[PDB]
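Residue numbers (the authors' numbering), protein chains in the order written: chain B, 244 to 292; chain A, 611 to 1135, 1156 to 1176, 1182 to 1228, 1245 to 1313, 1323 to 1332.
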């Protein structure tokens, strides 16, 4: 919802996937086999694209 | 930016996916976390409900079990008499032993087989210590012919475990004081080399099992290869001395489950093929009720094209491939360790008996296993968007519910997941189509009534036409949702219970909630909507409601009571009296298989509404003359004067209509 809103702020993509890139590195400091968290940063990836 | 932890297999992913598969992890929700709290309270009342259900009630059901179980305490109460009988014979006879051998007693003077030999009677500890036949009679092995590593070096490793390596001396006895320093350290050093040999034979032979993908799927090379692993798990020292042989059966098969699990994962999800739009088959279950009954049926039972196994194929395939995730994983109950039991010295009995079935086979155990997640979620999540099912698939998904009673496998939990393919398969059970019947009886009343605002008259000038669609050709799917509930649903059966029906109360909401949805058709109760109403209800109630399996009978005579009450209102300016009520009021529906002239689409002979209003107002209202006409005919006087020869007393009776609203001699006696 932040994405289409403003820029996404850009911080609502930039800082939002910065402080979410924290927990997207919960999904990257190990992954096995958190298809939940993999689905999380998966949709983060598709939205960022 | 604040890079978080190493998410490597925490307290989640143990079906926390399937936990979050309540509704969706589709954005996201903490609202759905509250929904999880609601399902948690639902389980709380279902489990307190199970608690007081079983707390005195089915704790007396457990006393109803104590018929058989206190009966086992009754033959076992003869075992109390056999146990006090043998314990009384040996109690008094052993007291006779206490006075008999111990005449002096003085056991060093009366029973000195062990008082001369306080340690010398326990002098059979000469098999110390190591390590000749530990690695000579097993190179890696010398086995696979009930040979010296099966018959002897195995049992020599049982002598490595007969040697209690930490019960060394008790130095007044001193059997293995320094012999126990390297007895099973060289027997478990050489058998640590045989242990790494069977570990490399486990990753190697199980990588050959990963190459073994014989016939849909089948890992038969892993079955004959599993015959080459029963000796490794029998191997009684014991066999996993430090949880290692089972780690060659499980932690080695950890990645080698995912070769079979990845195999079924990419395998089973590829059978996708479907239709597009089947109004033809609803014209075959609309053509069924046309030439029925009233004729020879029509349907056969006809289609029901879903009865062709587009998804019922997996009911014997992905329940069988699910029975590879379960029942050939219950042939991984021939490969868990196997079945570690039993050989006992150390490969003696499984040197002979190393041939399991294993599946399935009964139920008396307690165990746990894995390797059934993605085949189950693949079978159900594949079967998800299935909106025609499970109406015709009532006994299919309920046979799936009642699939596995008597095994000791998790196929019951699969059958409970296949009950979840009936029950957590959501309200389909589709009574939200009744919400589409009232919600689309109100928010779609701006199209059907847009031709039918005046429907049964012409004051607001509209034709009596609205339509019965939803559920018009869904009444055709009552014969198509009911026809394939006896062939397709019956050919989806299994063990206890599973059709065996016995089941399919869905399929009784095809009576109950179909007369509730048909009560929304009673809330949908125009004269092509009265005509389509009773024609749609009786388009289900000509064959499907007598086989008499429905409950919309009073709905059919209720909407058909609105067809009598609104077809003699649409013809309330026409019949009057019976001159349009037989061939022009009901036969605007009977031969159909503004409402003054608007029954002229079929307009069954004779005296239709195109002549009952015109050729009765054209020198016929009084008579051809005036009281009365010289015509009792069947061509044009049926609109004019045979109508008057069918409504003769209805002249004065119709003139009496002004005799209450706003004496009777000069009209009702001498009407000419």
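The C-beta atom is built at its ideal place from N, Cα and C for all residues, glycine as well.
Please state whether DSSP places residue i in a helix, a strand or coil.
{"i": "residue 883 of chain A", "result": "coil"}
{"i": "residue 951 of chain A", "result": "coil"}
{"i": "residue 1175 of chain A", "result": "strand"}
{"i": "residue 1183 of chain A", "result": "strand"}
{"i": "residue 829 of chain A", "result": "coil"}
{"i": "residue 811 of chain A", "result": "helix"}
{"i": "residue 663 of chain A", "result": "helix"}
{"i": "residue 1281 of chain A", "result": "coil"}
{"i": "residue 974 of chain A", "result": "coil"}
{"i": "residue 934 of chain A", "result": "helix"}
{"i": "residue 946 of chain A", "result": "coil"}
{"i": "residue 1288 of chain A", "result": "helix"}
{"i": "residue 1002 of chain A", "result": "coil"}
{"i": "residue 965 of chain A", "result": "coil"}
{"i": "residue 941 of chain A", "result": "coil"}
{"i": "residue 988 of chain A", "result": "helix"}
{"i": "residue 898 of chain A", "result": "helix"}
{"i": "residue 1228 of chain A", "result": "coil"}
{"i": "residue 628 of chain A", "result": "helix"}
Taking buried to mean at least 16 other C-beta atoms within 10 Å of its own C-beta, is residue i buried or exposed?
{"i": "residue 275 of chain B", "result": "exposed"}
{"i": "residue 733 of chain A", "result": "exposed"}
{"i": "residue 727 of chain A", "result": "exposed"}
{"i": "residue 1066 of chain A", "result": "buried"}
{"i": "residue 1033 of chain A", "result": "exposed"}
{"i": "residue 1220 of chain A", "result": "buried"}
{"i": "residue 1230 of chain A", "result": "Along chain A, the last residue before the gap is 1228 and the first after it is 1245, so residue 1230 of chain A carries no coordinates."}
{"i": "residue 1081 of chain A", "result": "buried"}
{"i": "residue 654 of chain A", "result": "exposed"}
{"i": "residue 939 of chain A", "result": "buried"}
{"i": "residue 997 of chain A", "result": "exposed"}
{"i": "residue 964 of chain A", "result": "buried"}
{"i": "residue 969 of chain A", "result": "buried"}
{"i": "residue 852 of chain A", "result": "exposed"}
{"i": "residue 874 of chain A", "result": "buried"}
{"i": "residue 1056 of chain A", "result": "exposed"}
{"i": "residue 293 of chain B", "result": "In the structure displayed, chain B extends from 244 to 292; residue 293 of chain B sits before or after that span and is not available."}
{"i": "residue 804 of chain A", "result": "buried"}
{"i": "residue 657 of chain A", "result": "exposed"}
{"i": "residue 285 of chain B", "result": "exposed"}
{"i": "residue 684 of chain A", "result": "exposed"}
{"i": "residue 917 of chain A", "result": "buried"}
{"i": "residue 1049 of chain A", "result": "exposed"}
Kindly give me the distance between the Cβ atoms of residue i and residue j, rounded to whole angstroms, as I take these residues to be in contact under 8 angstroms.
{"i": "residue 841 of chain A", "j": "residue 753 of chain A", "result": "6 angstroms"}
{"i": "residue 1051 of chain A", "j": "residue 1133 of chain A", "result": "6 angstroms"}
{"i": "residue 1229 of chain A", "j": "residue 1004 of chain A", "result": "The gap in chain A between 1228 and 1245 takes in residue 1229 of chain A, so it carries no coordinates here."}
{"i": "residue 1198 of chain A", "j": "residue 1224 of chain A", "result": "7 angstroms"}
{"i": "residue 1135 of chain A", "j": "residue 1163 of chain A", "result": "6 angstroms"}
{"i": "residue 1018 of chain A", "j": "residue 1109 of chain A", "result": "Wrong, their Cβ atoms sit about 23 angstroms apart, outside the cutoff."}
Expressed to the nearest angstrom, what Euclidean distance is found between the alpha-carbon atoms of residue i and residue j?
{"i": "residue 1312 of chain A", "j": "residue 1076 of chain A", "result": "34 angstroms"}
{"i": "residue 1113 of chain A", "j": "residue 1020 of chain A", "result": "22 angstroms"}
{"i": "residue 960 of chain A", "j": "residue 763 of chain A", "result": "14 angstroms"}
{"i": "residue 266 of chain B", "j": "residue 871 of chain A", "result": "29 angstroms"}
{"i": "residue 1089 of chain A", "j": "residue 1122 of chain A", "result": "16 angstroms"}
{"i": "residue 1093 of chain A", "j": "residue 1193 of chain A", "result": "25 angstroms"}
{"i": "residue 957 of chain A", "j": "residue 1026 of chain A", "result": "39 angstroms"}
{"i": "residue 1119 of chain A", "j": "residue 1097 of chain A", "result": "19 angstroms"}
{"i": "residue 1196 of chain A", "j": "residue 1087 of chain A", "result": "24 angstroms"}
{"i": "residue 725 of chain A", "j": "residue 718 of chain A", "result": "5 angstroms"}
{"i": "residue 1191 of chain A", "j": "residue 1130 of chain A", "result": "12 angstroms"}
{"i": "residue 832 of chain A", "j": "residue 250 of chain B", "result": "57 angstroms"}
{"i": "residue 1053 of chain A", "j": "residue 1043 of chain A", "result": "14 angstroms"}
{"i": "residue 1239 of chain A", "j": "residue 1001 of chain A", "result": "The gap in chain A between 1228 and 1245 takes in residue 1239 of chain A, so it carries no coordinates here."}
{"i": "residue 773 of chain A", "j": "residue 810 of chain A", "result": "27 angstroms"}
Can you give me, in chain order, the residues of the region 269 to 285 of chain B that have a beta carbon less than 8 angstroms from any beta carbon in chain A? 269, 270, 271, 272, 273, 274, 275, 276, 277, 278, 279, 280, 282
Members of the region 956 to 988 of chain A near chain B, C-beta cut-off 9 angstroms: none
Got a sec: which bits of the region 255 to 267 of chain B sit with their beta carbon under 7 angstroms from any beta carbon on chain A, in order along the chain? 261, 262, 264, 265, 266
Of the residues that make up the region 626 to 637 of chain A, which ones have a beta carbon closer than 9 angstroms to any beta carbon in chain B? 626, 627, 630, 635, 637
Given a limit of 8 angstroms on CB to CB distance, which residues of the region 747 to 771 of chain A reach chain B? none
What residues in the region 855 to 872 of chain A have a beta carbon less than 7 angstroms from any beta carbon of chain B? none
Determine which residues of the region 612 to 627 of chain A have a Cβ less than 9 angstroms from any Cβ of chain B, and write them out in chain order. 612, 613, 614, 615, 616, 617, 618, 619, 620, 622, 623, 626, 627
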